[PDB]
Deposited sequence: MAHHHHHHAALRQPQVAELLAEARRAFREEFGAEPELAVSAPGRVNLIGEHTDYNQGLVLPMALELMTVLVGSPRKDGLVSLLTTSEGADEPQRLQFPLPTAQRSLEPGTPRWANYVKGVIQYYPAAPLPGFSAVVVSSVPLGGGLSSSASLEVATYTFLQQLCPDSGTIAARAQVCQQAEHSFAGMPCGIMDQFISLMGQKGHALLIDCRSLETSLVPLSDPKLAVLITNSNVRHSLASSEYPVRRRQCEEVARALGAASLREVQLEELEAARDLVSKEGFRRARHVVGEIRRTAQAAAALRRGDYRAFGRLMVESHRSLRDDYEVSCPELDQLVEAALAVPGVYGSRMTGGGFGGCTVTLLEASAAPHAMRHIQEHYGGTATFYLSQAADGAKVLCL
C-alpha cells in the first residue's frame, strides 16, 4: 500500500557506500538517533509538564571519520534537504563561532558542534542519511541533532549527563534553527529503548521507561503530508501566552498550577489565556492518567484520553488543522487517535489492534482528502553507535 518500511540495514549500507565514493575511504564509525511519536502530552514539555513519547525505527545515521585538519566536511543524501547537499566549515574557536544560514539542514549539525561541551574536538568527514520524513512532525531535526551529538562523543567523549546533552541539542534548535522547542524530542531521541514508551517529567527530568510489549497493540502513524504556515509562526506565540497565564497566578511554570486554580482564576488572565491552560492541565493530568492506564494495560482509558487529547488540541490549543481532524475521524471508526508533535500538519498517532492494520490503511487512504503515508511502528532504541 502506502506503508513505508523502515529499511535500517539499507539506510546504513546507503550511508557507507556514499561515504566511500565521496571521501575515497571507508568510514570509521556509524551512529543513529531516532525520530519520535508523542503518544500523549502535547505542548506540556515547555510548561515543565509530562510527555509520553516512544522512539521510531525512522532514524538519522551519520557515518564518518575524524580529520587532522580541524575542518568539518558534510554530505547529505536525504531527498528533501535544501541545496547544496554538501557543506564544509572550520571548527569554531574563541575568535570565530559558527553562524546559521544556507543550507538549513547543516544548521542542526553546526548548532550541536558550536555548543558541544567537551574538548579537544577534532574535525571530521560525515555522510548524513535519514528515513525520518523531513519536517513531517516526527522530530527529524532532533534525530539529526542527537545523531550529531552521539558522533561528537565518539570524537571527544563528554563526561556528562543525558539532560546536559538534550540541552545542547535543544540550544542548537533555538539558536541555529530559530525554533524555541522544549526538551521532549531530544530527550526521547537520546533515551528511547526498544519495546518501551518513555514517561518524561520536564520539571524534575526524572524519566520512566514504560514497557510497551503486548503484540495485540499497534501504533499507526499517519503523515498528512501537509505543513501550514501557522506552524513556524504560532508555536512561539502559544509558548509566550503560556508564560503570561503563569505571569499572574504567581506560578513559575504552569505544572505548579492545578485545574481547580485555573477555573477559580478565570478573569485574572485572558480568554485566549484560560484557553491554552485548560488544554495543558487537561493534557498533563491526561498523561499522568495515560501513563498509569498504560501500566494497568488499560488501553480504552489511555486511547480515550488520546481522543480527549486531540479534541483539546483542536478546540482549546488551536494547533490542529482540518487535515489532522479528518485523519482521526477516519481512523476513529482503534482504541484512539490524535495529532502528535507541534501540529499545523504532520502525523496523527492511532493505537489499533494488529489484526485491523491492513483495513485501517485501506480506509484512511480511501477516506483522506490528502496523500496519506503510513508507518506501523514498534517502539525503538534511542541513540546507538556501531564501530566500523
item: Chain regions without C-alpha coordinates, deposited sequence numbering; value: 1-8, 342-344
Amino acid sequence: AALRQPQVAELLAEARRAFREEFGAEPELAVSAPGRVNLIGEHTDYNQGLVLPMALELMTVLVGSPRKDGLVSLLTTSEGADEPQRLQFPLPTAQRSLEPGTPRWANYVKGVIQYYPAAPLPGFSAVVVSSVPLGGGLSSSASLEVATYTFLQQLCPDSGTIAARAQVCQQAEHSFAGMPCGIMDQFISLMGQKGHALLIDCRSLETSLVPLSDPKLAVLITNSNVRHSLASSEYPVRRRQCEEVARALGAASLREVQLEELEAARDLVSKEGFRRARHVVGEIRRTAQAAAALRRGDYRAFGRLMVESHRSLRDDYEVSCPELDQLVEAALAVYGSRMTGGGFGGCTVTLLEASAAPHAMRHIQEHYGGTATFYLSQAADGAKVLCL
From here on, numbers count along this sequence of modelled residues.
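The term rigid core refers to the maximal set of C-alpha atoms that superpose within 1.5 Å between the two forms.
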| query | finding |
| --- | --- |
| Core-aligned Cα RMS comparison in 6 other deposited structures of this protein - stretch that moves more, 246-254 or 178-186 | 246-254 |
| Of 267-275 and 153-161, which departs more from this form in 6 other deposited structures of this protein by CA RMS after core fitting | 267-275 |
| Of 141-149 and 236-244, the stretch whose C-alpha atoms average the higher B-factor in the entry | 236-244 |
| 67-75 or 297-305, whichever carries the higher mean Cα B-factor | 297-305 |
| Peak C-alpha temperature factor (PDB record), options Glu263, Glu206, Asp185, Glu173 | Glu263 |
| Most elevated Cα B-factor in the entry, residues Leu52, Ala55, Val61, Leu332 | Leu332 |
| Among modelled residues of the same chain, the CA temperature factor third for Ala164 | lowest |
| Within-chain third of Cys181 by Cα B-factor, per the entry | lowest |
| Among modelled residues of the same chain, the CA temperature factor third for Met361 | highest |
| Third of the chain, ranked by Cα B-factor, where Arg104 sits | middle |
| Relative C-alpha B-factor of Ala33, binned into the chain's lowest, middle or highest third | lowest |
